[PDB]
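These notes concern the structure reproduced below.
We did not get these values from a lab; they are worked out from the coordinates using the rules stated. Quick reminder, even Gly has a Cβ in these numbers, built from the backbone with ideal geometry, and neighbours come from all protein chains shown.
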Amino acid sequence: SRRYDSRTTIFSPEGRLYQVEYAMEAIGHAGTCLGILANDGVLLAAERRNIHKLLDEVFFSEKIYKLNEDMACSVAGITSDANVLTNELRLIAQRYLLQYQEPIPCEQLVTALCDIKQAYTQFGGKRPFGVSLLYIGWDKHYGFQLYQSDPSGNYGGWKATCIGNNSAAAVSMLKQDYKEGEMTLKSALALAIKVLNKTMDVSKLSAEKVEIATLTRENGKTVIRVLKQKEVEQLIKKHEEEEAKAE
Amino acid sequence: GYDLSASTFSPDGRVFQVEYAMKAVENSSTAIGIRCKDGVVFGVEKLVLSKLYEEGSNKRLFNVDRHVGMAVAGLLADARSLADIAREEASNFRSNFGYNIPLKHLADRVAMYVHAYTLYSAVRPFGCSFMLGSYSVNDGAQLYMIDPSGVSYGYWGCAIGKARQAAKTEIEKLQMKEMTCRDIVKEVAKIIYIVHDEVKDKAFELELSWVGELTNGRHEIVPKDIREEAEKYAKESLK
Amino acid sequence: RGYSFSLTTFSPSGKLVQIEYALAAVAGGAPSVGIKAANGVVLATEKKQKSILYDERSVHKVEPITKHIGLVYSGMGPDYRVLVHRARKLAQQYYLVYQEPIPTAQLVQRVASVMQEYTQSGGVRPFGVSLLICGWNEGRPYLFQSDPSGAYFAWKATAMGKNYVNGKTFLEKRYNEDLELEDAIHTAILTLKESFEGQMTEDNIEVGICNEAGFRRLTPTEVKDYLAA
Amino acid sequence: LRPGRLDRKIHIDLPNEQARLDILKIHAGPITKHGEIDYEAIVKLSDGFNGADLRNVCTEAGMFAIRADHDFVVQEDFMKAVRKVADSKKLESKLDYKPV
Amino acid sequence: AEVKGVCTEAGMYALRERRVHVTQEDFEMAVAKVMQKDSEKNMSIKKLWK
Amino acid sequence: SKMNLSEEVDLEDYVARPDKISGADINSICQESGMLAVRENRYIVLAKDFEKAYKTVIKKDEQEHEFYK
Amino acid sequence: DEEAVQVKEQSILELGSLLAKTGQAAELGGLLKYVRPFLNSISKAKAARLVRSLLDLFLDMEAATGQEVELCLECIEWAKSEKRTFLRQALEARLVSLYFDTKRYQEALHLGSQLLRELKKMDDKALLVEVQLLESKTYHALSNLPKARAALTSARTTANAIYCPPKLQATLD
Amino acid sequence: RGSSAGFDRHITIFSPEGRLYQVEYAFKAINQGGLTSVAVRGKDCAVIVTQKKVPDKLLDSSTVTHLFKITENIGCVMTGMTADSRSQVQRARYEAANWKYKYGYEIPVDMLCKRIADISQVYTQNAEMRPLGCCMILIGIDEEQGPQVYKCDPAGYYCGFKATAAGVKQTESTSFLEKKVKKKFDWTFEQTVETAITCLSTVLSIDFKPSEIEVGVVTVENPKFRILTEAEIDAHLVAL
C-alpha cells in the first residue's frame, strides 16, 4: 500500500539519502569510539554507557567483539542492529575460511559487510542499519589495520579516528597529537586515555566507564585482550601524575 | 480517512467499505425468493436499459448445481465471479464426498469466500447480495441469503434489491408455509409488479425460476406458458 | 501478499519512534521484579485480576522455558504468550542440536534477536513487552532483561513496569551481594508491596525461583507462607 | 458536575423492549384504528429508536393512511411507517457521551 | 525560589514557636515542607502529563 | 455524626477503599445512604444502604481492556 | 513423614498460643527450648514464622520471669546464625524495648543507636519511627529533655512521609 | 493521553501512549450486533445462555443462532459481528479436529482457546489485515479439572472464568455475577441454569419467553455438549 509506505530508499531533491542522514545522526549520541594504530598494535577505546550499580558483569567485554582469531570490532548506534551485523560478519569470516583455508584479510571483511549495508540502503523498502563500526586486525597483506564503516556503506582506513559522541573534538585532538609512524602501543594507550578523559566530560575516567582493546602479534600468532580494572586504573593514575607534573 | 480500506475500523467499530458495497446493492433492481412446502421460487425484475438488447440479456438467475439456484443483485461482474465460485464448490463437493452438496454447506462455503474479501486492503468487498435455494427429498426446501459482509441466514421470504422494503412488506402476507411452487409463482410475479416503479424506470421483463417437488429436485427456468399466465395475473391484479 | 516495507523508520533526530512507543506501553503495565541471590534467582510480579470472576489459576505470567530456566514479563499479554512460545521452540532446537540444556545467556540472545527482526521487518510492529529470564546454568545464577528494541541487559536486580523508577530506587537501597534465597524472595515481595494499591493476598501475586534444584514456580500455599513474615 | 451542585446524575437512555412497548402504546392511543395491531412486531423492527422515533412511527403511520385516502390506521401502514423511519435513521450518528 | 521560600517558612515557624529567633530544627522542618511540596508539584505535573 | 447510623456500619471499610474521592463526594455518599433509607421508609441506615451509596457516587472509569499489563 | 512434620508444627503453634493465653511463661520457655532442634525439619521461612510468633506470644504479657533478656539474646544469636537480618532487626528492636522495660537505660542506648545506623543504611520506615520513638522515651527516662525532644521531632518527620497504623499513631501522640 | 502520530488510528501500530487503537475499535464492534450472552460455571454443570432476536417473521428462526458445537464435547457462544464469528468458529472446529488427529485425544478447552487467541495475536501484529470483531465463550468438562468456562477477545486475551458475560451489557452482568459468586458459591448445582437466566433478565430487563433465548449445557454425568430445546427452556422459565 502506497499510503503507508515510507520510501526509505529514494533520493531527495538534492541527491541525498535522508534515512541515511538520520541514521548517521543517531550514531552521534551513542558511546564514543576511538581508533589508534600503533607500530606494534591496534587499540579500540569506547565508553561504557551501561553505568549502573545494579548491572551485572558478564562476558569478556561489553562493546568489543571478536570476529575471527585475528580481528575484532566495536559498535556505536543501536545495540540490536549491532548484534545483527556482528553475526553476519562472523558468518562472512567463516565462509571465506571455508573456501580458502586462510584467515580473511581485513578489507576483505570490511567491504563484505559494507556491501551488505549498502545493498540494504539501495533497494528493499526497509530502514537502514543505524550502526557505525570500528575494526582492528592483522593480515599478511597490510599488517595491523584500523577500518571504519557507516550506515551508507562507505569505509575508510584510519591511522586514528573517532565515530560517535563528540567525534569532532576527539578527531581534533587526534590530529593535534598523532605521530604518524612514531607511536608505540604504550604511547597510543596513553593518548587514548587522555583523549577519552577529555571527551567523557562527565566526571573523569572512573576506570569503569571505559572499554579498551589491544590487538597484538605474540609468538607468531595474534592475541586479543580487554584491559582489566587494575591496569586501567594504574594507567589513569599515571596520566593524572603526568598532567600534574606538567602543570 | 477511515473509509479507504476494509483493513481499518471506524472509531465507532465499523468497516465502512463493506457498508458502501452494501449500499451499492440497493441501486440494482429487486429480486424475490419465497419458500413453500414443495420448494423455492425466484423472481427478478430485469430493467431494459435500451431497446437494442436481446431478450434474456444479462440473466440474473444462475444454476450453481443441478439442484441449486442463485439470484443476484448489484454489480454483475461480482455476481458472475461468485456464481463461478459456487459452481466450483459444488463440483469439488461432488467429486470428494460423492454426492450432491447440501445447500447449507454451499451457503457457508460461498459466504466464507465472500467474507475473506472483507478483511484485507489488497482486495475489496463484493458488490452483490445473493440467495441460494434448492430442494431434496431429505433436506426439503431451503432458501438462504448471503450479504457482502458474509453473513448467511435462512429465510422464509426475502427481497434483495432497490425496493427491498416494499417487497418485504409485501412478501410478509403470503403465508407461504402452506402452498406449493405453482401458486408461489403467481405470487412472485404479483409482488415484482407491485414493487416496480413506472415513473423512474422504463420497462422490464421478468425472470422466474423454481426448484421443488415438481422438478424432481432440479432447478430450471420456469416454463414459458406458466410464466406468461403468471405475468397476466399480476397485470390484472394491478388494476 | 503482505507489506514489504518497514513500519519503524528513523526520525530526523535519529530515533526509531515506534520502539519508543512500545517502551511506553511496557512502562504502563503491571510491575515486575527480579533479584539474583547468591544461591538462587527470584522473579515476582503482580496479577491483580479485575473482579472475583477471574480464575487465578486459569493463566500464569511466570512461565518456564526448560526445567532450569524461566521468565516473566510486564507489558501486553498476547505478546508475552507469543514470546513464551518462541522461547520454548528455540530452547528445544538448541537441545536437539546439542543434546544439552540451553544456557540462559544464549536463550536470551536468541529470543532478543527474534525481537529485533520485528523492529525492521516489513508490515509489522514491535512487541509491547519486556521480559526477565532466570536460569541456573554452570552452577551460577543468571538474570537478564529484554526490551522491545531487542536490547538485553544482565541485571543484579531490577524492577520493570508501572512505577519502575521507584522500584529501582528501592532495590538499589536493598541489594547485598551476600544475600540468601529466602531473604531475596522476601525483599522482592516487599518491592512489589512498595506500590500495590490493596492487600497482597496469596491470589494476587506470583513468584518463581531458580537454584541447583531447578527453576520452578511457587505454589500458593508456599506463597502464603513466605508472605507470612 | 461536583456532587454538591449537581447531586444526581440521572441517565435517560434509549427505550428497551418493554419500554418501547409502553411508549408505542402511549403514542398510538388517540389514533383511530382498525384490525389487530401486534406491537411486538414494531418493537421488533424498532431497535435503536427513541421516543421521538416511535412518535414519528405513529405520525408516519397516519400519513400513510391518509396517503391511501382511507380513514383509519391499519397494521400494514404501521409496518410501512416503521420500515421507513428505519430507513431515515442511517443519517443520525448513533453514539452516547458520559460524564467523565 | 525554593531557597527563597525556605527562609520565609522557617521564620514563620519560629514565630509560631513564639520566639525572636529561628532554630536549626525549625529550618529542617521548613526545608522538609518546602521540598516536599516541590516534589509534590513535580509529580503532579508528571501525572498531568500522564 | 448527625445520622442514626446503626452500629452495624463499619466505615473503616469505606475509607480503606483505594479511591481518590473529593470531600464533596464524601457528603453525597452519606446523603444518598439516608436517601435510600427514606425510599424504603426507614429512619436507620444499614450496611447495604451505605454500600449502594458508595457504588452510586464513585462510578469507576472505563476499565482499560485487560490486554494491557 | 512430611504430613507428620506438618501435624507437629501445627500442634506446637497451637500449644504455644494456648500457653501464652494461659500465661504459662515457664512452660512457654521450656517449649521454646524444645523446638530448638526443629530448625532442620522445617523450612527456613516457616521456622522464622514459628520462632517470631512464639517470641511475640511470650513477650505479649509483662510477666517478669527473667528469661526475657536471655531468651531474646538466644533468639537474636539464632537469627544471626540463620542470616535472617530483617527478623534479626525486628528482634533487636523488641529486645531494646524490653531493656527499656527492665530499667536499663544507658546500655540499651548504644545498641539502639547501632540499630538506627544499620537501618538508615537501609530505608525501612515503620521500624525506624519505632526505634526513634523508643530512643526518645529512653532519653525521657534519663531526663535528657533536649535530645529527647530532638529525637521525637525526627521520628515525627519520618512518620509524615508514611501512613500510620492506629496503634502507631496512638503511641506517637 | 490521546495523541496521534501518523497512521496510528488506521493500522495496528502503537500510538505515542503505547496504545493500539485498531484493537480498541475492534472491541467496540463486538457491540454492533446488539446482543448479549452469559455463561455460568456450576459444581457439576457449566452453562452458556444467549439472546435470540428474531427481527421479523420472514427469517427461519431455526437458522439464526449463536450456539455452535466445536466438538461433540465443547460448545461455544459467538457474539458480535456474525461473519467474523463464523470464521472463528470454523477455525476452532478445524483446530480441534487436528488436535485429535495429531495427539490422539480430544482437545482441552483451555488449549483450544490458547490456539485461537494466538491466531488473533498474529492478526493484531501484522498490519495488512484487521482484527476480527467477535468474541468466543467455550464450555466443556475436563477429565481431572472439572467444568471449564473460557472466553477470548479480538486482542488475544483468553482468561478462564467462573461466570462471564459478553456483549453490549458486559459490565452490568459482570457486576451481578461478581456479587453472586461472592454470596455462597456462584451457584452450586445444575440449577445454575436459573442464575444465568436471571442475570440476563435483570441486566436486559426482559422477562424472557420460551422462544427468545438459547442455552447450552455440559454435565459431568453427560459431558456431551447439549443445546437446550424449547420445551426444556420453557420448563426452566416457569421454574422461576
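Laid out as a table, the results:
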read-out	value
Average beta-carbon neighbours from other chains, 10 Å sphere, peptide C:135-144	1
Exceeding the 19 Å Cα-Cα cut-off - candidates C:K47/H:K179; H:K69/H:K224; B:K168/B:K190; F:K59/H:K162	C:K47/H:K179; F:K59/H:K162
Sequence of G:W78, A:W138, H:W187 once ranked by neighbouring C-beta atoms within 10 Å, starting from the fewest	G:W78, A:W138, H:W187
Reciprocal mean inverse distance between Cα atoms of chain G - Kirkwood radius, Å	17.5
Derived scalar couplings ³J(HN,Hα) [the range B:87-100; Karplus, 6.51 cos²θ - 1.76 cosθ + 1.60; whole Hz; x for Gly, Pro]	4, 4, 4, 4, 5, 4, 4, 4, 5, 8, 9, x, 7, 4
Nonlocal amide H pairs with B:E207, under 5 Å, H built at 1.01 Å	B:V44, B:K46
Derived scalar couplings ³J(HN,Hα) [the range H:122-127; Karplus, 6.51 cos²θ - 1.76 cosθ + 1.60; whole Hz; x for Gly, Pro]	4, 5, 8, 9, 5, 9
Hydrodynamic radius (Kirkwood) for the range B:1-237, which is based on Cα pairs only, to one decimal in Å	18.2
Cβ charges +1 (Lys, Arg) and -1 (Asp, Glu), total dipole of the range B:1-237, debye	120
Low-density loop cleavage sites - GluC sites (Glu not before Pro) in the range A:148-221, where at most 11 other Cβ are within 10 Å (DSSP)	A:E180, A:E182, A:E208
Volume of the Cα convex hull of the range D:24-100, divided per residue and given in Å³	96
Value at 222 nm in deg cm²/dmol, rounded to 500, when DSSP H runs of n ≥ 4 in chain D each add -39,500 (n - 2.57)	-16000 deg cm²/dmol
Chain C - charge dipole about Cα centre, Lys and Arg +1 at Cβ, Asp and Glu -1, debye rounded to 20	800
Three principal axis lengths of the protein assembly as shown [C-alpha, angstrom, descending]	120, 95, 72
Gyration tensor verdict on chain C (Cα atoms; rounded if a/c is under 1.5, prolate if a/b is larger than b/c, oblate otherwise)	prolate
Residues A:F59, C:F10, sorted so that the one with the fewest Cβ neighbours within 10 Å comes first	A:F59, C:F10
H:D142 long-range amide H proximity, modeled H, under 5 Å	H:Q148
Which listed pairs, of B:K235/D:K80; C:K224/E:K47; C:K36/G:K80; G:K83/G:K125, have C-alpha distances above 28 Å, in listed order	C:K224/E:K47
Normalised contact order of chain H, rounded percent, pairs of Cα under 8 Å and 6 or more residues apart	27
Within chain B, longest stretch clear of exposed GluC sites (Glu not before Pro) (DSSP loop, no more than 14 other Cβ within 10 Å)	B:56-197
Amide proton proximity set for H:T79, modelled H, under 5 Å, gap of 5+	H:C135
Using θ = phi - 60° and Karplus 6.51 cos²θ - 1.76 cosθ + 1.60, couplings along the range F:13-26 (whole Hz; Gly, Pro as x)	4, 6, 5, 4, 4, x, 9, 6, 10, 8, x, 5, 4, 3
Relative contact order computed over chain A (Cα-Cα under 8 Å; 6+ residues apart), in percent	27
Length-normalised contact order for the range E:3-50 - Cα pairs under 8 Å, 6+ apart - percent	33
Positive minus negative residues near A:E21 (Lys, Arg vs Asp, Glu; Cβ under 12 Å)	-2
H:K151, B:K232 arranged by Cβ crowding within 10 Å, fewest neighbours leading	B:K232, H:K151
Sparse-neighbourhood loop sites, trypsin sites (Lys or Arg not before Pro) in the range G:97-173 - DSSP loop, at most 11 other Cβ within 10 angstrom	G:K103
Cβ neighbours within 10 Å from other chains - mean over G:41-52	3
Assigned charges on the beta-carbon of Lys, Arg, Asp, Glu; the protein assembly as shown dipole about Cα centre (debye)	1740
Partners for H:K180 among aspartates and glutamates (Cα-Cα distance below 14 Å; same-chain residues under 8 apart left out)	H:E172, H:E194
Approximate shape of chain H as ellipsoid semi-axes (Cα gyration tensor, √5λ), whole Å, largest first	30, 22, 18
Long-range tail of P(r) for chain E (Cα pairs > 12 Å, %)	63
17 Å Cα-Cα reach of B:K200 towards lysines, excluding residues that sit fewer than 8 places from it in its own chain	B:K46, B:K51, B:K162
Other protein chain Cβ atoms within 10 Å, averaged over every residue that makes up H:30-42	1
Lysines whose Cα lies under 21 Å from that of A:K237, excluding same-chain neighbours fewer than 8 positions away	A:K186, A:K194, A:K198, A:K204, A:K209, A:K228, A:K245
Descending principal axes extents, the range G:11-89, alpha-carbon based, whole Å	31, 26, 18
Loop-resident sites, the range G:1-86, for GluC sites (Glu not before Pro), counting at most 11 other Cβ within 10 Å (DSSP)	G:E62
